[PDB]
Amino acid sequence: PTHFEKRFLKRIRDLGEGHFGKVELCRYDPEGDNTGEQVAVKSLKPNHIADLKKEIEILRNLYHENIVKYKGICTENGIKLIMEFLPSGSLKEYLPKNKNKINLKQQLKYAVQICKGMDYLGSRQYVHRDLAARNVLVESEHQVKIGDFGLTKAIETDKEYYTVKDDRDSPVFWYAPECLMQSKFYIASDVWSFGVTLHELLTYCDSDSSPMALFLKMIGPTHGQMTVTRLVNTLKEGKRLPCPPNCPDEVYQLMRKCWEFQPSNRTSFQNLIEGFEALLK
């Protein structure tokens, strides 16, 4: 029922890569009549296996309207994560093709959807650690879902954060100062990355208005080594990504709330929900 044979997992096209993971469009066709359903299959990049095995345990224990649905596993030593395929892709591929279709009312509805999904993650005691628009999938012009949990970690009961040990290649331009300074990840660290994802959403994911592109015009040339140190100084000086063009005061003021230096001063995901919903008539 929840098992998927590798032989029936017919490879169609690549969907996204990482550094220890890759995602493909496959059709699970055990009848062989080409009538099976299209699925997304996450597997290891040619270890690292227990990392994906821990991701399976997380997505299996997740059931929400705004979280990509778990379908099952394909075992080989190796293992694959089988989920629902969302043909529109992520916001990164969707938004630049729909600048005319997606208005402020719609982006606000995506914000609510990203927040409800994130809040449900917070309730299950997890920290996402990779909240970016590239990981927010479009189900329709009305529905979005969180599509990757590759750096998601469980917060120890009664503890407020998770401390990352290794952290080989994390999205530093989406990171709060606690993460950059102490390798500590709170639910409030996820809030900050939402603010950044929101900025991307408001800029229709315009490539040259991305957090990386903009922060490197405030920091300048740096390379891997110094990137984080200069990033911390910028944020220490109160500097933040500016209000996107056409963004109203009310929305940017909710975005600024995610970006309070101290984890304890930042807004919650439930407050963002109520906050955005109040702007939707």
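Take the two forms, superpose them, and find the largest set of C-alpha atoms that agree within 1.5 Å; that set is the rigid core. One rule holds for the numbers: they count along the sequence shown, beginning at 1.
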When the rigid core is fixed in 9 other deposited structures of this protein, C-alphas move more for 160-168 or 174-182; answer is 160-168
Between 151-159 and 191-199, which one shows the bigger average Cα displacement from this form in 9 other deposited structures of this protein once the rigid core is aligned? 151-159
Hey, does residue 43 drop out of the model in a third or more of the other PDB entries compared here? no
Is it the case that, in at least a third of the other entries compared (those modelling both flanking residues), residue 76 has no coordinates? yes
Between residue 76 and residue 77, count the deposited residues left without coordinates and pick a bin: none, 1 to 3, 4 to 9, 10 or more. 1 to 3
Can you count the deposited residues that have no coordinates between residue 46 and residue 47 and report it as none, 1 to 3, 4 to 9, or 10 or more? 4 to 9
For the higher mean C-alpha B factor in the entry, choose 203-211 or 182-190. 203-211
Would 158-166 or 171-179 have the larger average of its C-alpha temperature factors, as given in the entry? 158-166
Highest recorded Cα temperature factor - choice among 42, 27, 69, 223: 223
Relative to the other modelled residues in the chain, which third contains the C-alpha temperature factor of residue 60: lowest, middle or highest? middle
Chain third (lowest, middle, highest) by recorded CA B-factor, residue given as residue 141: highest
Chain-relative CA temperature factor third for residue 105: middle
Select lowest, middle or highest to describe the third in which the CA B-factor of residue 261 falls within its chain in this entry. middle
